[PDB]
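S.K.: The structure follows.
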Number of protein chains: 2
Amino acid sequence: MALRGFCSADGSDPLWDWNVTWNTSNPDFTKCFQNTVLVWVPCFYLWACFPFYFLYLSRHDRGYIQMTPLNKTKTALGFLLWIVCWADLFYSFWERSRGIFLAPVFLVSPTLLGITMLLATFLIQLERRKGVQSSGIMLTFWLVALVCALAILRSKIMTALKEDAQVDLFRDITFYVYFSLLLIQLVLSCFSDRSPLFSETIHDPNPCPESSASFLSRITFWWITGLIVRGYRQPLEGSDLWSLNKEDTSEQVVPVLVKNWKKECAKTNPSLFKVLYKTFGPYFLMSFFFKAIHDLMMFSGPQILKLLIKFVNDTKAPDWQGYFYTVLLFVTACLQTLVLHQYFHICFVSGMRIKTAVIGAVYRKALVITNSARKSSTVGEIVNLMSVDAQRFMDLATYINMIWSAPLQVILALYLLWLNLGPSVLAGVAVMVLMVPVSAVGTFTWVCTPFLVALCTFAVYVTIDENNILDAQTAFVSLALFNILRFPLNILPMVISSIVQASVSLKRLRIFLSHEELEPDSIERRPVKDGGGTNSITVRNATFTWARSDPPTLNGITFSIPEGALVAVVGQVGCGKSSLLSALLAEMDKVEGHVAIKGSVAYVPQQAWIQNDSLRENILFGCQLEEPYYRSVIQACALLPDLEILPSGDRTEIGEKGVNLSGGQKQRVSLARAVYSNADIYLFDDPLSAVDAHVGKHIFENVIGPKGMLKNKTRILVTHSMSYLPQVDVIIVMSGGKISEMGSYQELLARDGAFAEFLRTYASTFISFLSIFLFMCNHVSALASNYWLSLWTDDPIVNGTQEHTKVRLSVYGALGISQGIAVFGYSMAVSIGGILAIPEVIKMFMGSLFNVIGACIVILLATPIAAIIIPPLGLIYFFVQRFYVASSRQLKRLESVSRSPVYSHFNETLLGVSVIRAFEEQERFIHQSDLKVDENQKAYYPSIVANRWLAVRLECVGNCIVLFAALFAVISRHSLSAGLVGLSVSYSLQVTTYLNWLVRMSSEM
Amino acid sequence: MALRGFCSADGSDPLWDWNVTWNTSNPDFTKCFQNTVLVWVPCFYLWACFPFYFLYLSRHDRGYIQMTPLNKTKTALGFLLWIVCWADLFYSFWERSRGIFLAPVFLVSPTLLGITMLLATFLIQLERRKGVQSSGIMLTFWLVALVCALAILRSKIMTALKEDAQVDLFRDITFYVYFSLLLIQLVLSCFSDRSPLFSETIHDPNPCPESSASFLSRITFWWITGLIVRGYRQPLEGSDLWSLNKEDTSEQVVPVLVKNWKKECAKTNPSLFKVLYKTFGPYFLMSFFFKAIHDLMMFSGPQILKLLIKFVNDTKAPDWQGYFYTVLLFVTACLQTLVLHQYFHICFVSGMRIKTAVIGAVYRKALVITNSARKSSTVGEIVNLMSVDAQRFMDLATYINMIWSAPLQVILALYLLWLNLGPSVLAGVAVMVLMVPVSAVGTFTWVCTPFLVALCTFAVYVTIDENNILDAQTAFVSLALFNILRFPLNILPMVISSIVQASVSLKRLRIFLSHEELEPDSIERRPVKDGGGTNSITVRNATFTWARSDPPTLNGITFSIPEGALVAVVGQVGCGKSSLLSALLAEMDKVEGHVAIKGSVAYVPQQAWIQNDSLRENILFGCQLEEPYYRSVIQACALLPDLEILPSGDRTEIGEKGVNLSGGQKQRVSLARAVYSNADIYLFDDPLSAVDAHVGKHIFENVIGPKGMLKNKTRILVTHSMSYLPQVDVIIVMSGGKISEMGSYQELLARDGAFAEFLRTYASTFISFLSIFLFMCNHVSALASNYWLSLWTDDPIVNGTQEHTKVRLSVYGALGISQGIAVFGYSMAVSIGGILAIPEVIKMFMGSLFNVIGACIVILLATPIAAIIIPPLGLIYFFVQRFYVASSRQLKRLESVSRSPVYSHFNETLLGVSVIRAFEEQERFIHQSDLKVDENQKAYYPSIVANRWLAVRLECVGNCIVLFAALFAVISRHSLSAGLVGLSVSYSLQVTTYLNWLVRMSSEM
Ligand SMILES: CC(C)CCC[C@@H](C)[C@H]1CC[C@H]2[C@@H]3CC=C4C[C@@H](OC(=O)CCC(=O)O)CC[C@]4(C)[C@H]3CC[C@]12C
């Protein structure tokens, strides 16, 4: 109790005295309210965020915009605001020093205002020091200070010119200067400054404008318009889309996730959710503070509706009060929009981010992991993992924040119902429980559902007791609250289902990513580790097996050979020569054994794989061009006859998505790639399996034979031939995975040992008018029913009831049952017409058109002057709708056609992981699979941006029609009953919802 | 009288009544006025504008913008606007059909509106088909129609909600739709449309934005804003300026003038003034219909001010009339500014066109006429004529309208003042005839002249009458009218001097252009018409004379020679060798004879002409250096030693603006040009007179002699040398106007006649502070005088006369004497300061700044609230002045730089007309001059454009401060005297004028 003696010595300034600010015809805050609250509100608002912005901006340095004249003038005007707000204090000090005792308010509040102005100037300077041009806080701070100064200035102007008033002419001039500088600063701070000195734009010529746009453009999503209008005349395709903003790209997002996941693995199992929350979480804190605000505004709307309806029925309420409602509502609605679509977008963006991160991780954990530990089918269990269990993490972004908001709303709505209908909630909750369990007939019952719930609730309310009256207030507030509650009751189902399927997908992603089979960490040293050596093959105590749970198959393997002696391996059918070489690939699990290899080596499988591209690209595999290598790489392989028959020679799309080849052709192209790889020794797996006798002999004598070009290279090959063995000096013979004999062919032949036994054993060497009439009847019946409700809620209150209750309910039920009969009839008619000779699209298009038309006709009926705003809004609506519909199909086709390449590339990489890992080049494929997904995301992002643009435009149109349907019903309150104004005001929210549904569903088909 | 019965049968609805529209406190036009005049005004406007616009656009086709959505929506809105008017007509017909009589006003006013809307739609279609971006008529028509519909709508909304008003709710909704559409079309007509399909844009990358700019942009000069902001940081130079726009280019403007002058000359000698009118007249008429409107608004202003002052004085008048007056004043001032500064641009553009056309015409006329008919010097009368005349025909563009303007202004001001005062203004003119005859004291008296004239007028008015009171109306009216009239009085002089000087210049230009002497029409046979013949020169009975009255000097010239024959012409000094050469080049008049020649002739001028350029550029004369013949002629003419000693070889700057060379070097260069010319007939006139004997003999043996490579061509010689005479095949002896003898050297020697005689006879082998204090004293004295006059004009009237006045006049005179003493003292102080150690610039900077500060505090201490408006006008004005000065000084320096080159090129061409015509090349230099003039005017145009930009931005600010001074002094009319309000309103126009003076003069520093 100090404010009375704080502001004036005696005390005659009761703060918020309702006898001056509310009840009069000239509302005005008390002098002390103006001096204290209207000054401290903006200062406290700015001081609250200064911590947060100093914490956030010091981590996001972007540029050094140096000395733009806007910065100079803003700093100068901030200093001028300081000097005036300090001169006010100095004049107060001079007055108190040599004059009348002065209240402490005049000696305290200007000090705080001056301090706030200094902080604003310093924040502008620091905001310039960092690379942010258009402030998102300076605009709002100046706006709030300007609103408060506007209130104070209105009070001062009204107080001035009453009659010869004796006023202090120092706190007038100074305040006018302060308000003028406030307006100047607010207008000035709406412009974007220069670009940062060293911006990210160095080579990209088409960057997305979101990284550099004014605050209003970001709020209203105005930077998409550039490609929407441009997307109307010339069809959109490919390169017209922008480039990503360097923070959604895969090469920037993925490393954070992979390092966090590997740190979590080291710390240990708990799922990656526990890290998935801590990597993309801090971007959700802005998706939770932007849902509570919109949620509060959604409920705060109908309270303003109730206040307006109560005021209308007050014939003695002061006029201006009405306006004070009809503005506030508008503003509130607008804020809700400018918050709701600032949440969705953020959420949506984060969801898209999730995708790339997972796509970055699974790929990077697929081509360098799980050596033979991959028992899930390559098709339908790994690429399908990517597709399904990563496309499910963009919906969970949208459906996660509802798990707390959707229930809350419900109960809060129910709470308000209790506060509205009181004991009638006992029947209202019963009717809602009846409606909870509640095809064309089904859809039309859903259409009539608002009528059904209204009829049931009103009937039970009027029949439970004779002590309750159905005035406009309770009826229309209940209608609005039911319309609000409808959406969460529809959203509560399938949200739990989405959470469940996302949990299943999370389990699958964990069970894949938690393989952790880092088998090729290091099992042997670098093959060609020393540049100089003598022995090619050396081995001792070699033990190798397919997996951990298999008995050993290789024991007592100990032999060696220098460089220069032709060596080949001979094994019986099923003896394990293929598995032996597979173990020799250094791609298996080793218990013990010492093996030495020397020389650069590449790989050639016995099951050749073809990358889906041209023959030339398959041969290149990274190199630019070396002409002699190509001219000498085809004659040796004898690919001239094979290249000539090809439809396009060395240009056709070989392999899959092209002309098929024989197995020998795949073998030949693999050998050509291998000999292009430029190694010193090579690995081959019987490449001449299907080659003809003459062709095989020619190929062997061309290169592989002693006269071949690669005779300078020691020979490492496998085969099961017989005529190819005698030319080999020493034959490596495996007997049950163990060496048989070592020595030259002459020595073993003279020995007459195992080889002699092998040779001896083998010895191989009327309705359209009806539909229109029924539609018109149904819609005019609905409009007449609403008009009848408006008339009924205006009945006089005599004898504790209305003028007559039974007849009103009887006729209400009568035309409701008539409407039900009509809807059943035209449902049957339209179903028969569709079956006898897509129909749903036309039905809902006509329904929504007629609903919007009926709402407009109701608005016109209430106040004819409303016809002022029906044309200009409608045109605007059209000039949005068309555009979006003409620029959302293309942005959907691009995104849908760009999705397949990433999955096809992942399947390609998964099929031939052995070959790419063998060639010691696994980084180009990562770049390719990152670029493809980056292109897909670059195509996908403008789709959601345009969706937000369209939604904001439609919401603004709906808010404008709300405001201009309340204005004309407040101006003419003296000739319109409460029912008319209540119905007209309640219909505009449904106008907004109908417009949004019509745009989203009807024309998009 | 017929209109009264038109409104209604009973005449209960008049067309006007002061008791319903002006007397009450709720003004509203009567029913008939709203239904007839407000509905016919825009329609009459458009129907009157239609024929002139159609005729103007019939000859200004620019493109075929086909089907832009803007055109489609505008056409749809036009059709839907016509349909509502036809609906009104049909409703009136249906109502009158059954049983109702409704008067014919409802059958005519909606009848013609449909026609007007259909005409608007057709005009939009035609404008689209004729390639106009933003309409200049449609926007104004929509604005006028919207104003009328706004008045009608306000009347309708006020009438409807009065008390149980039974209004037919069919015309109301129709009119609401009509108003809505009008608003939509007005806001849509501010959008620029697509560019025309085909235009001049095929190579120009930097076009002027004037050709493609919205109507609300060319009115306010908004594009120069782009070039002006860029000029603040980076300097403006060279290619930064915009290229011209096909209308100011010299290539297309000169042909019209030259063709029309040729036609005028062929008619007859009337001056080119007559053809100047018909060539550059049609564009100047728009500068006539604009000056009158500004002259009318400038006087409509003071009457509005007087009405506002009278309303402020009266207390029983309603409170809305003052707002009407203060809005009309602002609208009138804004329209006056726009009209005046759109007239000035037209005037200056016409002046620029005159200059370029005259320059081009003079250049084209100069270089191929007046052969040997020039008695004046080549310098000081042609190039001086060019420069001075062309630069004197731009100021006449601005000064020509003053001769018709002055009367309208002076007689109208005299009329208004006489209607105000009468005999008092008779004494007024008796006092103005004191300043009619009308140095620091002189400047100060000039500054104080309005105060002195007001003091004298008021003193005489109150002394000679003593029965008329100094009111508030007549006084401030007199001040405003005198301020208006001051400028034309000073501007009328120097106009007649400008006209006299321009007449002198026009006469001298006419006499230069009429010096048409095309002597070389045709005299001899065509030299190179064919390409065959054996006789080189065939001349018989040739007579040539220098002048018309001079006796003939050549007679009996009859000789001939075949091709490839050596001829030498030998004659004594004064025999006529120079005249023979002049006649042989075919540039002198012939009376009789037959002369024919075949083949291209080598021109050997002993006089040297060199243009300041690179040496090689002079060498080529426009050709290339592909052929190696240049090296051959360098070697043959022994030019290698000449080239070696050059500072940079063939790159050193030869000719003027460079190094100097001897006569022999220039002769050798000219001989090189002659051998580059590729001639067939070779003539020689002692070109080696200044060359050394050995060098001359070597060059003679090189090229001139029979041993030269050009020996296969005819050679004819003339000189006084004796060494080369024995080696010539044939000799012509020229003496006494006749050929003495004809024959070969052997036969002439055998004759022993003239040749023998020639051989025998002719053969050889404290101050700062004092000034500040005095300035402050003078300004506070002026402020005290202003306060005293404000008090004096508010004195009560008792017993016929007013309060004590003689003491007020005495103290006013004492204050004037003190002000004179102060100005004398500080003029002495400033003179002492200047003589002890631009000063006028600083003096009047002080004066303007102090006066604007004093006026700002004067408006401050009349309405304190007005302090809200000082910051956001001072900041805007300061920024505009800074931008203008910074971006205008640079491109004024550009014009200073780019003025000399055109005159230098003209002198260069004039001094070498002989050579440039001898070798038949007179087209490249025309293009060079056109390019130079085009560059100069391209750099000069933005100067006037930016001047208009600054002026508009300053006049708009002045109008805004005038409005806010005339508004804040009406809201509180009760507590202000008439004198204070009149002073505050009257001082704002002087504030605007002082602002313009300050910016221009005291910022061009
Ligand atoms: C109490 C009475 C005297 C009325 C108050 C009026 C003046 C004290 C103030 C009001 C607004 C002020 C102006 C507000 C903004 C500016 C911009 C400012 O521009 C700069 O200096 C920025 C560029 C730079 O610093 O180079 C120059 C001073 C000026 C004109 C100020 C000059 C002083 C003004 C006219």
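How things are named: the first chain in the structure tokens is A, the next is B, and so on; residues count from 1 in each chain; ligands count from 1 in the order shown.
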What's around stretch 634-643 of chain B at 8 Å? Count only C-alpha atoms, leave out sequence neighbours fewer than 3 positions away in its own chain, and write the answer as a list in words.
M.R.: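 Contacts, with the query itself left out: residues 630, 631, 646, 649, 650, 665, 668, 672, 699, 702 and 703 of chain B.
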S.K.: Residues of chain B within 6 Å of chain A, counting only C-alpha atoms, what are they? List them as a ChimeraX atom specification.
M.R.: /B:176,180,868
S.K.: All C-alpha atoms, paired in order, least-squares superposition of chain A on chain B: what RMSD does that give?
M.R.: 0.9 Å
S.K.: Neighbouring residues of residue B:145 were defined as those with any atom within 8 Å, considering only C-alpha atoms; residues of the same chain fewer than 3 positions away were excluded. Please report them as number ranges by chain.
M.R.: B: 41-42, 141-142, 148-149, 182
S.K.: Please identify all polymer residues within 9 Å of stretch 782-785 of chain A, counting only C-alpha atoms, omitting same-chain residues fewer than 2 positions from it, and present them as an NGL selection string.
M.R.: :A and (451 or 777-780 or 787-790 or 812 or 815-816 or 819 or 854-855 or 858)
S.K.: Write the residues of the preceding selection, restricted to N, CA, C and O atoms, as a CSV table (one decimal), in the first residue's frame.
M.R.:
chain,number,residue,atom,x,y,z
A,451,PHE,N,-25.3,-29.7,-36.6
A,451,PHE,CA,-26.7,-29.5,-36.3
A,451,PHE,C,-27.2,-30.5,-35.3
A,451,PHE,O,-28.0,-30.2,-34.5
A,777,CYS,N,-32.3,-27.1,-51.9
A,777,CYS,CA,-33.2,-27.4,-50.8
A,777,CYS,C,-32.5,-27.6,-49.5
A,777,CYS,O,-32.8,-27.0,-48.5
A,778,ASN,N,-31.5,-28.4,-49.6
A,778,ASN,CA,-30.7,-28.7,-48.3
A,778,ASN,C,-30.0,-27.4,-47.8
A,778,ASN,O,-30.1,-27.1,-46.6
A,779,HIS,N,-29.4,-26.6,-48.7
A,779,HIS,CA,-28.7,-25.4,-48.2
A,779,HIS,C,-29.7,-24.4,-47.7
A,779,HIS,O,-29.4,-23.7,-46.7
A,780,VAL,N,-30.8,-24.1,-48.4
A,780,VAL,CA,-31.8,-23.2,-47.9
A,780,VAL,C,-32.4,-23.7,-46.6
A,780,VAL,O,-32.7,-22.9,-45.7
A,787,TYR,N,-31.4,-19.3,-39.2
A,787,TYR,CA,-32.2,-18.1,-39.0
A,787,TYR,C,-33.2,-18.3,-37.9
A,787,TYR,O,-33.5,-17.4,-37.1
A,788,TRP,N,-33.8,-19.5,-37.9
A,788,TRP,CA,-34.8,-19.9,-36.9
A,788,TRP,C,-34.2,-19.9,-35.5
A,788,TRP,O,-34.8,-19.5,-34.5
A,789,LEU,N,-33.0,-20.5,-35.4
A,789,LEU,CA,-32.3,-20.5,-34.1
A,789,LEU,C,-32.0,-19.0,-33.7
A,789,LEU,O,-32.2,-18.7,-32.5
A,790,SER,N,-31.6,-18.1,-34.6
A,790,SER,CA,-31.4,-16.7,-34.3
A,790,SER,C,-32.7,-16.1,-33.8
A,790,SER,O,-32.7,-15.3,-32.8
A,812,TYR,N,-38.3,-26.9,-35.0
A,812,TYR,CA,-36.8,-27.2,-35.2
A,812,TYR,C,-36.6,-28.6,-35.6
A,812,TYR,O,-35.9,-28.9,-36.6
A,815,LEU,N,-38.0,-29.3,-39.3
A,815,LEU,CA,-37.2,-29.0,-40.5
A,815,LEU,C,-35.9,-29.7,-40.4
A,815,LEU,O,-35.3,-30.0,-41.4
A,816,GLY,N,-35.4,-30.1,-39.2
A,816,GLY,CA,-34.2,-30.9,-39.1
A,816,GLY,C,-34.4,-32.3,-39.7
A,816,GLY,O,-33.6,-32.8,-40.4
A,819,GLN,N,-34.6,-31.9,-43.4
A,819,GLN,CA,-33.3,-31.9,-44.0
A,819,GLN,C,-32.6,-33.2,-44.0
A,819,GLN,O,-31.9,-33.5,-44.9
A,854,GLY,N,-23.4,-19.2,-48.8
A,854,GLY,CA,-24.4,-19.0,-47.8
A,854,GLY,C,-23.9,-18.2,-46.6
A,854,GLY,O,-24.7,-17.3,-46.1
A,855,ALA,N,-22.7,-18.4,-46.2
A,855,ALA,CA,-22.1,-17.5,-45.2
A,855,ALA,C,-22.0,-16.1,-45.6
A,855,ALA,O,-22.3,-15.2,-44.9
A,858,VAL,N,-25.5,-14.6,-45.6
A,858,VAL,CA,-25.9,-14.3,-44.2
A,858,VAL,C,-25.2,-13.0,-43.7
A,858,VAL,O,-25.9,-12.1,-43.1
S.K.: I want to know what sits within 9 Å of stretch 655-664 of chain A, based on only C-alpha atoms, with residues of the same chain fewer than 4 positions away left out; could you give that as a VMD selection string?
M.R.: chain A and resid 608 to 615 646 to 647 668 to 669 687 to 691
S.K.: Applying 12 Å and only C-alpha atoms, which residues near residue B:11 remain after dropping the ones on its own chain fewer than 6 positions away? List them as JSON, numbers by chain.
M.R.: {"B": [1, 2, 3, 4, 5, 31, 32, 103]}
S.K.: Those same residues - C-alpha atoms - I'd like them written as a PDB file, in the first residue's frame.
M.R.:
ATOM      1  CA  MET B   1     -35.679  25.538 -63.967  1.00  0.00           C
ATOM      2  CA  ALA B   2     -36.172  22.315 -65.922  1.00  0.00           C
ATOM      3  CA  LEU B   3     -33.771  20.504 -63.579  1.00  0.00           C
ATOM      4  CA  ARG B   4     -36.061  21.267 -60.630  1.00  0.00           C
ATOM      5  CA  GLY B   5     -38.864  19.346 -62.328  1.00  0.00           C
ATOM      6  CA  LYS B  31     -30.610  13.932 -53.349  1.00  0.00           C
ATOM      7  CA  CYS B  32     -30.674  15.460 -56.832  1.00  0.00           C
ATOM      8  CA  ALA B 103     -39.180  10.010 -62.053  1.00  0.00           C
TER       9      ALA B 103
END
S.K.: Where in stretch 419-608 of chain B does DSSP assign helix (DSSP H, G or I), given as a PyMOL selection string?
M.R.: chain B and resi 419-420+423-435+440-464+473-491+495-513+577-584
S.K.: Produce a file of the selected residues containing C-alpha atoms, as an mmCIF file, in the first residue's frame.
M.R.:
data_model
loop_
_atom_site.group_PDB
_atom_site.id
_atom_site.type_symbol
_atom_site.label_atom_id
_atom_site.label_comp_id
_atom_site.auth_asym_id
_atom_site.auth_seq_id
_atom_site.Cartn_x
_atom_site.Cartn_y
_atom_site.Cartn_z
ATOM 1 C CA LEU B 419 -10.103 44.835 -54.528
ATOM 2 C CA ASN B 420 -8.566 44.498 -51.064
ATOM 3 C CA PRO B 423 -6.958 54.016 -52.295
ATOM 4 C CA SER B 424 -4.778 52.297 -49.698
ATOM 5 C CA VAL B 425 -3.249 50.211 -52.490
ATOM 6 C CA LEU B 426 -3.016 53.405 -54.531
ATOM 7 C CA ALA B 427 -0.610 54.583 -51.849
ATOM 8 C CA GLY B 428 0.737 51.043 -52.080
ATOM 9 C CA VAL B 429 1.660 51.421 -55.735
ATOM 10 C CA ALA B 430 3.059 54.842 -54.815
ATOM 11 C CA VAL B 431 5.394 52.958 -52.465
ATOM 12 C CA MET B 432 6.199 50.088 -54.860
ATOM 13 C CA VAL B 433 7.331 52.732 -57.368
ATOM 14 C CA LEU B 434 10.104 53.355 -54.841
ATOM 15 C CA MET B 435 11.494 49.817 -55.168
ATOM 16 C CA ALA B 440 26.421 44.330 -48.091
ATOM 17 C CA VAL B 441 24.052 47.017 -46.802
ATOM 18 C CA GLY B 442 22.265 46.709 -50.137
ATOM 19 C CA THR B 443 21.860 42.959 -49.660
ATOM 20 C CA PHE B 444 20.565 43.443 -46.111
ATOM 21 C CA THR B 445 18.055 46.040 -47.315
ATOM 22 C CA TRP B 446 17.020 43.576 -50.030
ATOM 23 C CA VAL B 447 16.460 40.925 -47.348
ATOM 24 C CA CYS B 448 14.487 43.346 -45.155
ATOM 25 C CA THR B 449 12.478 44.733 -48.099
ATOM 26 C CA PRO B 450 9.255 42.819 -47.214
ATOM 27 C CA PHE B 451 9.395 44.227 -43.677
ATOM 28 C CA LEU B 452 10.016 47.775 -44.915
ATOM 29 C CA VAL B 453 7.220 47.539 -47.480
ATOM 30 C CA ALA B 454 4.777 46.157 -44.903
ATOM 31 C CA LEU B 455 5.717 48.894 -42.429
ATOM 32 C CA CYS B 456 5.305 51.644 -45.032
ATOM 33 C CA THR B 457 1.998 50.262 -46.315
ATOM 34 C CA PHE B 458 0.508 49.869 -42.836
ATOM 35 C CA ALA B 459 1.755 53.277 -41.668
ATOM 36 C CA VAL B 460 0.247 55.042 -44.681
ATOM 37 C CA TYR B 461 -2.967 53.006 -44.390
ATOM 38 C CA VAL B 462 -3.438 53.952 -40.730
ATOM 39 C CA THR B 463 -2.309 57.568 -41.236
ATOM 40 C CA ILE B 464 -4.181 58.744 -44.340
ATOM 41 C CA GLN B 473 -7.614 39.174 -43.084
ATOM 42 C CA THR B 474 -6.462 42.090 -45.236
ATOM 43 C CA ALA B 475 -3.051 42.265 -43.547
ATOM 44 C CA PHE B 476 -1.925 38.671 -44.063
ATOM 45 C CA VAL B 477 -3.542 38.722 -47.502
ATOM 46 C CA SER B 478 -1.330 41.715 -48.333
ATOM 47 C CA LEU B 479 1.785 39.963 -46.973
ATOM 48 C CA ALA B 480 1.036 36.823 -49.019
ATOM 49 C CA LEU B 481 0.277 38.768 -52.202
ATOM 50 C CA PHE B 482 3.442 40.864 -51.867
ATOM 51 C CA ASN B 483 5.527 37.726 -51.332
ATOM 52 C CA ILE B 484 3.973 36.269 -54.484
ATOM 53 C CA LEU B 485 4.499 39.468 -56.499
ATOM 54 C CA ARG B 486 8.118 40.057 -55.429
ATOM 55 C CA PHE B 487 9.600 37.388 -57.716
ATOM 56 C CA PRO B 488 8.064 38.427 -61.094
ATOM 57 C CA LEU B 489 9.135 42.037 -60.505
ATOM 58 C CA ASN B 490 12.767 40.936 -60.203
ATOM 59 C CA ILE B 491 12.484 38.344 -62.986
ATOM 60 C CA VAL B 495 14.424 38.652 -69.848
ATOM 61 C CA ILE B 496 14.324 41.304 -72.573
ATOM 62 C CA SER B 497 18.138 41.292 -72.625
ATOM 63 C CA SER B 498 18.066 37.514 -73.055
ATOM 64 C CA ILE B 499 15.566 37.888 -75.903
ATOM 65 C CA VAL B 500 17.721 40.521 -77.632
ATOM 66 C CA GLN B 501 20.858 38.390 -77.288
ATOM 67 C CA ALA B 502 19.023 35.314 -78.574
ATOM 68 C CA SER B 503 17.734 37.317 -81.542
ATOM 69 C CA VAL B 504 21.303 38.386 -82.341
ATOM 70 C CA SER B 505 22.502 34.783 -82.063
ATOM 71 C CA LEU B 506 19.651 33.500 -84.238
ATOM 72 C CA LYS B 507 20.434 36.108 -86.891
ATOM 73 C CA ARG B 508 24.138 35.226 -86.954
ATOM 74 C CA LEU B 509 23.308 31.512 -87.150
ATOM 75 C CA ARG B 510 20.904 32.232 -90.017
ATOM 76 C CA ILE B 511 23.541 34.177 -91.943
ATOM 77 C CA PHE B 512 26.050 31.358 -91.414
ATOM 78 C CA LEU B 513 23.584 28.693 -92.556
ATOM 79 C CA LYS B 577 51.825 27.362 -111.080
ATOM 80 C CA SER B 578 49.845 27.508 -107.827
ATOM 81 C CA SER B 579 46.730 28.643 -109.699
ATOM 82 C CA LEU B 580 47.308 25.893 -112.270
ATOM 83 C CA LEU B 581 47.468 23.349 -109.442
ATOM 84 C CA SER B 582 44.287 24.770 -107.902
ATOM 85 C CA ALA B 583 42.480 24.525 -111.242
ATOM 86 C CA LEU B 584 43.833 21.022 -111.912
#
S.K.: Counting only C-alpha atoms, which of A:810, A:278, A:585, A:403 gets nearest to residue A:524?
M.R.: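 Closest to residue A:524, using only C-alpha atoms: A:585.
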S.K.: For ligand 1, which of A:326, A:71, A:761, A:125 is the closest residue, counting only C-alpha atoms and all ligand atoms?
M.R.: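 Residue with the minimum atom-to-atom distance to ligand 1: A:71.
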S.K.: For residue B:794, find every residue with an atom within 8 Å (counting only C-alpha atoms), except residues of its own chain fewer than 5 positions away, and show them as a list in words.
M.R.: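 With the cut-off at 8 Å, the set is residues 471, 472, 977, 978 and 979 of chain B.
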S.K.: Any chance you can output those residues with C-alpha atoms as a PDB file, in the first residue's frame?
M.R.:
ATOM      1  CA  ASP B 471      -7.833  43.615 -39.622  1.00  0.00           C
ATOM      2  CA  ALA B 472      -6.347  40.120 -39.615  1.00  0.00           C
ATOM      3  CA  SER B 977      -6.111  34.751 -31.469  1.00  0.00           C
ATOM      4  CA  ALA B 978      -6.599  35.460 -35.162  1.00  0.00           C
ATOM      5  CA  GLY B 979      -3.221  37.189 -35.378  1.00  0.00           C
TER       6      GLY B 979
END
